[PDB]
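Residue numbers (the authors' numbering), protein chains in the order written: chain A, 830 to 878; chain B, 30 to 1140; chain C, 1220 to 1282; chain D, 353 to 527; chain E, 149 to 247; chain F, 294 to 488; chain G, 51 to 149; chain H, 1 to 98.
Positions of the beta carbon are idealized from the N, C-alpha and C atoms, including for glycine.
Worksheet: the structure to be examined is printed underneath.
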Amino acid sequence: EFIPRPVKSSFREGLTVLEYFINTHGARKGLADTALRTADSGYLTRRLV
Amino acid sequence: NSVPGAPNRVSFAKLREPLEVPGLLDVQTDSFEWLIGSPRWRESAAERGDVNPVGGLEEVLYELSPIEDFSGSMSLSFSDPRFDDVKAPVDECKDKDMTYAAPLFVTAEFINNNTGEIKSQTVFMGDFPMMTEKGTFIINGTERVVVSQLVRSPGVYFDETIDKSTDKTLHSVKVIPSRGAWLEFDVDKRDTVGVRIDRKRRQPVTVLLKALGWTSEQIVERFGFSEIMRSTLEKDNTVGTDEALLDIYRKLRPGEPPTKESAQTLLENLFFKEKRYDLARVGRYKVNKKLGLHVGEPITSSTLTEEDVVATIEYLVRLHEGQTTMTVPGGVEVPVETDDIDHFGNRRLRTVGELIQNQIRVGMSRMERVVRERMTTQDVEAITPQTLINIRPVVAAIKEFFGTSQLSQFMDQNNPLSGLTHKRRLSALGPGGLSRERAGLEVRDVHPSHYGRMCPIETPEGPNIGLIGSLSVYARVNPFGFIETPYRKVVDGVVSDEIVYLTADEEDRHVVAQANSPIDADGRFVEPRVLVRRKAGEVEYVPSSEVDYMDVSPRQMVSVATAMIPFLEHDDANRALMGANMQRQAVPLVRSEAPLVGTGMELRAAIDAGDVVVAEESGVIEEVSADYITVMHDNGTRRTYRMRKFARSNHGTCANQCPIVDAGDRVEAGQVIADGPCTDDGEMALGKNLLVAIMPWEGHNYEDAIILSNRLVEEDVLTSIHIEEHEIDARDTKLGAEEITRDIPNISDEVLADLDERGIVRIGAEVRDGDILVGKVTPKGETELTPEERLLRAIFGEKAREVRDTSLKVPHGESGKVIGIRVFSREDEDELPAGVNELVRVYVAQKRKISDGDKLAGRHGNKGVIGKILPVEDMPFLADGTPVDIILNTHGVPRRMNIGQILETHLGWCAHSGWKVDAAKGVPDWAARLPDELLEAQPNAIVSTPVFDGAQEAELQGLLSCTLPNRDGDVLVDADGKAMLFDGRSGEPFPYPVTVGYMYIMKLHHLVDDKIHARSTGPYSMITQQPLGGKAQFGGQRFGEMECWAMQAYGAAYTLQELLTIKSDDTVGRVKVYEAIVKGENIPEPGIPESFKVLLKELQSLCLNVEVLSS
Amino acid sequence: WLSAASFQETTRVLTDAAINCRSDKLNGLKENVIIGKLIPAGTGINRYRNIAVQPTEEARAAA
Amino acid sequence: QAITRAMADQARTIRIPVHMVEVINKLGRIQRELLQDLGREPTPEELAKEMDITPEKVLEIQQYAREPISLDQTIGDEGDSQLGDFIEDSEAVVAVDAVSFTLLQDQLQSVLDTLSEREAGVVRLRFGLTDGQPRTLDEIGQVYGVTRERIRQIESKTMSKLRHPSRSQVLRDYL
Amino acid sequence: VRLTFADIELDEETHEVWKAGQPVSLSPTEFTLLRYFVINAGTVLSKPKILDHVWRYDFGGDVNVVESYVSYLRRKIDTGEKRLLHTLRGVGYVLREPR
Amino acid sequence: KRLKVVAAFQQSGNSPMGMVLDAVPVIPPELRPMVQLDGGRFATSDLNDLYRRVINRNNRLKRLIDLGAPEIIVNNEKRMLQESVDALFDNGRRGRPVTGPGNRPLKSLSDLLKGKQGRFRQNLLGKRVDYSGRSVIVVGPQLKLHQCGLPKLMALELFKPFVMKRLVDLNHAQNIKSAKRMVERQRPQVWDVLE
Amino acid sequence: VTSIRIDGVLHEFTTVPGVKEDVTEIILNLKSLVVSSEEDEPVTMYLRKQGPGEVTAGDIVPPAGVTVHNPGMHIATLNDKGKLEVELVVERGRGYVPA
Amino acid sequence: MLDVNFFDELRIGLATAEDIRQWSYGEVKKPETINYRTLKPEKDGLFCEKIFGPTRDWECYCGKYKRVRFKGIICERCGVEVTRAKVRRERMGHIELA
Ligand SMILES: [Zn+2]
């Protein structure tokens, strides 16, 4: 889902503690999903070939 | 600075902190002290919860005691577990491959009541391994570290589910105790309530309640509001307490004839008897807190209770009804809600002490069973506790844990930061934890309760992403294994100086403010609505007169390693994670210059890593050398610190220590006396400051490649000492005893020049690949001699040559000098493994220089290999003529969002050049809030930038504006941090100014010398004739299924056939192809692979008639 | 059945093949790879593997 | 008796006779008893004194008591590969010493051809090069019609002249 | 260049053996057998090993000739029934020093 | 679903008696090697234990039936023999698997045929290959499209027989043994012919 | 200077007894020596010091025909038990040549 | 069936007792693998030379034949067949179930 309070600042001006916390939330979710997706795509292409 | 010898490091921090960082080794040290029962932990428990101070050993001894026989007239008990002086010092234990341990004694008392007898003895329970002052264990000369693990705390957990068939809300509860049988309740799709226990999908709650001795009238009078399960009761179709017990027995115990008493005794033994079911103390506390049973009582009776069971059922039915508050009869009022399984209020931390206690418990259970059998068998009135207790199970269990367990790992010591991060690390694998294949995205995610407990940035990037993390820099471990963090309190709107440690349970019942809030320097908040964290982890704006807690300081949310990353808030999360992970892979160089721009965490990390000698007592320094340092204390006594030199670490890196003190200077307690591998002046220094331009150059830095000057190779700026050890042993064999000797049969004389009379290479002799280190020969006698070999022997007149020389040779692919030799022999009282009469280890060191293919990195995840080392003349240079030291591509910065590295570059150039803010008419507006003693910095100054209370963009812009010239009047770097560079090849000035500065660059442990591999023909496996794998053997590349698919897609069949038949499996094919390739003829036809024949035989062995038909 | 067993459900495929006494013609690419003979694709086709080259008559005369 | 005999017969992968199993268990039991009594692991000499047997036999029993390990057990920290993937093949042909051996065969054939036919044949049937069997003095005498003493003399002369510098230097590298 | 162990001192060049320092004569085959034993002191040599090296390569006889030679050498140099020429059943003979 | 197997049995020449076994085969010992590794310790192939268990159960059963035993004892022995055979073929298929030291399940015959680490995928489709190498990658912007830069030590090791034969032909070494010696020592006269 | 030699050491990774300085860091300090030679052949110069003091580049005796130019640069620091004895061999050349 | 890479078909099917006995080169009836002292395979054991071929090339159980000339002749004293030890990777055994 989307947190109602977004990050008002940018990386140029620097982020705050909670802003970095939520950014880390999103980044960790993405880093896990790509790792799973690699193996999933490998299985899919193995079946296809 | 709180450190007497701390070098001055001006800081940009705007807000002060109330409390200093605690001991970074507390998580291990305090736990081990609790396990031992030391007086320090006794005092700690007395000052904090003196109600029941008991160590792990005392607790397990009291739980096991008193062992009772069937008769009951005689019994055994254990008490007073005491320790003894250690066997040997840590250095001696590491050198002689011993185990740093200490004897353990237990006062055993055997009592006999039939006639009256007391037998008191001091039984030697074994040699308990000890923990050094740095939180490490020494096992067989190796430094092992036990990483604390994260496990679900035993207790009661509620969950909610949507069936998705009728969209009906269902609720379930699980009571999971450690070392016990599951308890489960749920509501089904219909109104029926299920108590599926030990995987038996029947017996609704009513039959269990009846078996518990509860009448139907009692059930309806107590649990009356629950109309759904009241209807379930009306549909129980099983009336009678005895009938309920009969049903429960006949289901959970099939095959046995139920009896009147067996049902009751089995129902009791299943849950209410601690011999087969017991929640831990933490589990009992969690259940009591959840159900509001006891609030002013100590933890006892760890087994489950019928009152607890009925309270759980009431909680489940009330939660399903939609209630939000329950007062259990005889208990306090508690909220009613589901429990998150990944919340840190339930994910407890099993530490080193807890793991050791569990292993001791297993060993002592085995010992108790053995001793009970022995004391039943042996005669009475002639028995002794010494003759009763046998310590073999206990010592076997402790050895089986401390060795060969994934929760006790090698202490990687690439650098002190790597060691300190290996300690205070929270894993999620091993026994009692989820597996990597078992793991899921939900557990791998980040929880809002992680704030201040587990850092969400520092974690491995491999397949275990999210399963391993690091403790927060301010975190602490509560007595029950729950991670708690300190936070200050606010009253009336003013922040006090009081600090209270809060577990994640209470943090949901409060409103925690923000660390860098606009404090008014009096206590009030200048801005009414501030950003805070609410109960459910939400962040929102709340008026200042409503918050009740505040963060102690910034960086509380971050670990120790990541806290050393400057401008962290300017870096993206993934790149910051990459940089934090790479910080622990930096090798220690020969100088390790301190960084120009850093944070305040480096000094504390270096101090707490234990790699720098510190003055235990204040005093003057009497004499100083390269090996030892003598300190003349105040009270007459003097101390001598022995300083290790060129000691090989776990990963083959030097651990040199150097004095930093003089011959007359005074030193106070805690002051750094000698710096270690990656320390400068007492603060961590994992890299070097390099002059960097961030423009592309001729494509040699294309796609994350890095360009460097040749002066880095020349001046030894980036060089590392790598020490590798080689071992060989002489052991008795059926044909006699192999001996180490310089007399090797049928060898040349030149190759024996470096061997002394002992047969071992002389110290300091340069060695290269293919040489001989230890001259060892074994008794082979003779084998089948072919006629050609007989002819050769009889024509060259060789003697018997009765022995075969399996001498030690250096591995293929490295060289270097010889440091020292350690010789072990059983003829000199030295203890060796049985059958071995001589052991020799040779240390080889290489002064490895920087080269192309090596991996360099920054502190912001900007890694890269070295594309090309350029000559110093052919590099860009400023107008002053100083060439740039390192060139990085500019296309990698904006895409990856790591502008913090450019911020660090600008600040590093400012620090190197020095600055002075012209306060002619007041300080400028951007420098108004800038702290004093920072308005004027000498050249080559060192500044500290806290991760979140760092230097602002306006302040750094002003500092770049005031950038006082270098030697003559010249400002090489303009206002916006750029400069004009002259091309070193063509000579024309570069058309546009490029950004230049000073950046901290570290050399990672990915040297190409350790990765280059090639193979033409080597060893093969036994079952199948495929070549081996890995650089340990000669290797051989893995041509996998994807490679086969690509080969087939290309349409080239001959190359695939060759890669499969004559290069891997066909033995005659290999021999013939080698013969053809040496004699010059063309490659012969491939044959049938051996793996196919192996598969055919395997299929035939499975009673399958498989054959091949030619027509 | 060789290709099916190497792909997936090895025990089930082997049991079914053994029960049905099935035979593999070894004409498939995967089984050719497994047994080590030339795959029936690309340079493994007969029309490409069984070509015969020889110097031209004028070239041989001039040689 | 039946249980103990069956345990001794079928407990270990490598069969050990009961006469040795009994002494192995006795040595282990009294070794643990001595360790318990003394507080330190008993030394091999103490164990030998307790056995009333020599320390060499004590050590032989100790090394006999070892059991084999599974070749298929996981060796890595995680489950990636088995121990059987880390063991070489001693009996496998190295594919280079075979080429060295056949070239040595050709060179030895040429060197033998450089000498006289009589001496070359004497050496060949004496060392068994044409066939596997190295013939005896009586055999070479009866197949060549020469006295055994004369055959011994000519064999010694052939060996001495085959030790000659150029032949020795040529054959030296093949070792 | 001499080959010695404890009380046995064999000089090949002069072709003599010393057992506590008096002349003693041996048959040749026994002499080269003693030379093979002394050159490999402390290491057991197998019976086919000894037959192939110290006897001729194509020895078509039976093994016990080596045991007769060993008995000859023992009664020649090892007077007592506790010997320096040890025998290991099924593995062969060796010349160590008793411990 | 019953006919799909009944008719398959009917049409072919095989017999449904193949389900039961009166005798089982034994894989060749080289496919189940027992090797004395360095240090005197031994290593077994984890199939010898199952075969030994089956042999022990069969011998005990035949001894019991020859001597004369109660029918319940004979039936228990027969059940043990059947369980041992099932463990040898498909360990863990029925009930808990038979486990060795360290509480790890013994691998059976079919256990080395299924899965990614099984023989079919890990040893037949893919293979370890000689005359091959690996190392890190750097940028080669001065090279052409059809060219790559190979380390000289890596290329020497890869092309070892080629360079050995060529240097023997050039009379730099008298024979293959000397050629191998000079290649291993990396003599200066090796790179010139290596190019 | 291309090669050095200390009497009490055997390789660069040891420590001379009595001197606070290490061998490797002594080498690195010696890296900053500037000289001027007139003889192309290798030339040896000596440095001998004993007693408590800071040995610099002014205590090294250059043979005639060569010149040292930075004698005030620091080399090592000794103690009462300290004793330094090193020999430096120097040659001409151009550019950077590794060890 | 001649291993010449000329395979028209590859067949599988259920194996009967007669087929298993045809495959088998002998019957193993002893759960012994290696002698603990001589380190040699035991007779009629899981590694029996008589059943599975000689351990060493051109060698009988004790050494009555040790030459390549004795091609394919079984030893009268032991019963092993003098051939290449690689046949130990091809010969198959069987056991008779009670
Ligand atoms: Zn025989």
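| query | result |
| --- | --- |
| Taking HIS935(B) as part of the alpha helix (DSSP H), name the residues at either end of that continuous run. | 929 to 942 |
| Quick one: does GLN414(D) have its CB under 7 Å from some CB of chain B? | yes |
| Does the distance between the C-beta of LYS846(B) and the nearest non-hydrogen atom of ligand 1 fall short of 6 Å? | no |
| Taking C-beta to C-beta, are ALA126(G) and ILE76(G) nearer than 7 Å? | yes |
| What is the residue span of the alpha helix (DSSP H) that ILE503(D) lies within? | 500 to 514 |
| Between the beta-carbon of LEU333(B) and the beta-carbon of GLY360(B), is there less than 7 Å? | no |
| Tell me which same chain residues have a C-beta within less than 8 Å of the C-beta of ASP551(B), skipping the five on either side of it? | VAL523 |
| From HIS201(E) to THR1090(B), what distance separates their C-alpha atoms? | 43 Å |
| Per the DSSP calculation, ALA1043(B) is bridged to which residue(s)? | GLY426(F) |
| Buried or exposed: which applies to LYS897(B), given that a residue is buried once 16 or more other Cβ atoms fall within 10 Å of its Cβ? | buried |
| Is it buried or exposed for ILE385(B), if we count other Cβ within 10 angstroms and need 16 for buried? | buried |
| Does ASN369(F) get closer than 7 Å to chain H when you measure Cβ to Cβ? | no |
| List, in chain order, every chain B residue whose beta-carbon is nearer than 8 Å to that of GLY419(F). | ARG1067, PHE1068, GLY1069, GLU1070, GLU1072, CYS1073 |
| CB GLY716(B) to CB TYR1029(B), shorter than 7 Å? | yes |
| How should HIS841(B) be labelled, buried or exposed, when 16 other C-beta atoms within 10 angstroms of its C-beta is the threshold for buried? | exposed |
| Any heavy atom of ligand 1 closer than 6 Å to the beta-carbon of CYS1073(B)? | no |
| Along the chain, where does the beta strand (DSSP E) containing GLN875(B) start, and where does it finish? | 865 to 878 |
| Cβ atoms of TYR65(H) and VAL87(H): under 7 Å apart, would you say? | no |
| Which same chain residues, not among the five before or five after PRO326(F), have their C-beta less than 6 Å away from its C-beta? | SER338 |
| Beta-carbon separation of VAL140(G) and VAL51(G) under 7 Å? | yes |
| Within 8 Å, do at least three Cβ pairs link the stretch 675 to 685 of chain B to the stretch 442 to 461 of chain B? | yes |
| Could you name the residues of the same chain whose beta carbon sits closer than 6 Å to that of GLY648(B), not counting the 5 residues immediately before and after it, in chain order? | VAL660, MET661, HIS662, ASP663 |
| Do you know offhand how far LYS230(E)'s Cα is from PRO1048(B)'s? | 48 Å |
| Compute the distance between the beta-carbons of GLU513(B) and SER588(B), then report whether it is under 7 Å. | no |
| Check whether chain C comes within 7 Å of residue 2(B), counting only Cβ atoms and requiring the distance to be less than that. | This structure leaves residue 2(B) out entirely; chain B is present only between 30 and 1140. |
| What does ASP1243(C) reach in chain H if we use C-beta pairs closer than 9 Å? | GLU9, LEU10, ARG11, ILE12 |
| Check for me: the alpha helix (DSSP H) holding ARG313(B) runs from which residue to which? | 310 to 320 |
| As a quick exercise: from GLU477(F), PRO481(F), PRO390(F), pick the residue whose alpha carbon is nearest that of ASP800(B). | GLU477(F) |
| Is it true that the CB of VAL80(H) sits closer than 7 Å to the CB of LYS50(H)? | yes |
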